[PDB]
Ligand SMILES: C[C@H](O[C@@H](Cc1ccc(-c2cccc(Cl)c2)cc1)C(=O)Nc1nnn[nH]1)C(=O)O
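Only one chain is given next, in structure tokens, and it is the form deposited without this ligand.
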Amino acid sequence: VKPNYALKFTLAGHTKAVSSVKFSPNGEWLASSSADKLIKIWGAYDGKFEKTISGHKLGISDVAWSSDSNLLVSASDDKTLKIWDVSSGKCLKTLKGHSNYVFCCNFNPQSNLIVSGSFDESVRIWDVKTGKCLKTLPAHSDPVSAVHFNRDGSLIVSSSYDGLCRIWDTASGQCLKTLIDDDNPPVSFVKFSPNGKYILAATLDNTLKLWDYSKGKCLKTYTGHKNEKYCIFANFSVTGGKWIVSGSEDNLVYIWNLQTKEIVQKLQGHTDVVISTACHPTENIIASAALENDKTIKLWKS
């Protein structure tokens, strides 16, 4: 069984490389962030431009939705995160604390906390309501590429150019596990599986790996794409077949069968590295976004 994703919409508006795209949990919206310092909101189903959210002083590298689809958090080279009320467009809080560029961010499932990762090689945990830092984890010895909460929010997984994946106790801040394979390439992305059993990790040796967190073992490897230079998002696609989805530095979107690890589709159309992809929560829809030579977001439907 193979999907037949087909291009439906191309979304133009950002004036520099796109950084990160995410679908709202309620499925209505796509948020994008960009090196152009802007957040843009788009209709998830029609690709129709909705509004621009502005305020960061420098480029934004990541953006993420609150559980109720009402808030965004963004991570920027201005060394802040910003919490946004999407309807009003207002910046509710500016999170100051990192000493270098903030590269990655996420809400916990309860959306009372935010986790962030930075070039200052730390991971910080923030209180959403007060906008204050609760914990600072001396997490890595190189820039942090990704941070993600597990299903009940009790765990944080982080990745770094230092070659490590680490799992942290949210409440205590203690390192619970360090994961690394036979080699030490930079780890450029990590996230928990939807059921929370697994960890999907990208390394800059053109490889994605599915880990059993609790066993601390690599279960699956996904190859065939190009990933040696940039931190490319990866996803679990679950609305139809169970796929792994990733951008690639050959300007394609790759889709693998999660179980068999075979490539089942490649999406062609971007003119630069596909840095970010996202999967719609209820429809077979993928959003993809590319770097400076391209500047567009594309919406594919299977």
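Numbering starts at 1 and follows the sequence shown.
Unshown form solved in complex with this ligand; subsequent notes refer to it.
Would you mind fitting this ligand into the shown chain by superposing the local C-alphas on its pose in the deposited bound form and telling me if the pocket reads open or blocked at 2.4 Å from backbone or C-beta atoms, 3 atoms or more being blocked?
The site is blocked here, because this ligand, transferred from its pose in the deposited bound form, has 3 or more atoms within 2.4 Å of backbone or C-beta atoms.
Within 4.5 Å of this ligand in the deposited bound form, counting heavy atoms only, one of 89-97, 129-137, 187-195, 168-176 shows up; tell me which.
Correct option: 187-195.
If we define contact as a non-hydrogen atom of the residue within 4.5 angstroms of the partner, is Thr271 a contact of this ligand in the deposited bound form?
The answer is no: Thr271 has no heavy atom within 4.5 Å of this ligand.
I'd like to check something about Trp29: if you look in the deposited bound form, is any of its heavy atoms closer than or equal to 4.5 Å to a heavy atom of this ligand?
Flag for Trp29 set to no.
Would you please decide whether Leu258 lies within 4.5 angstroms of this ligand in the deposited bound form, comparing each non-hydrogen atom pair?
Yes, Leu258 sits close enough to this ligand in the deposited bound form that at least one of its heavy atoms falls within 4.5 Å.
Decide whether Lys220 counts as a contact residue for this ligand in the deposited bound form under a heavy atom distance cut-off of 4.5 Å.
Output for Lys220 is yes: heavy atoms within 4.5 Å of this ligand.
Looking in the deposited bound form, is this ligand within 4.5 Å of a heavy atom from each of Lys266, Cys279 and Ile286?
No.
Could you check which residue among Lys48, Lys242, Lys51, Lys57 gets a heavy atom within 4.5 Å of this ligand in the deposited bound form?
Contact residue from the list: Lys242.
Considering this ligand in the deposited bound form, which of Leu155, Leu113, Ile83, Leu210 comes within 4.5 Å of it through any heavy atom?
Selected residue: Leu210.
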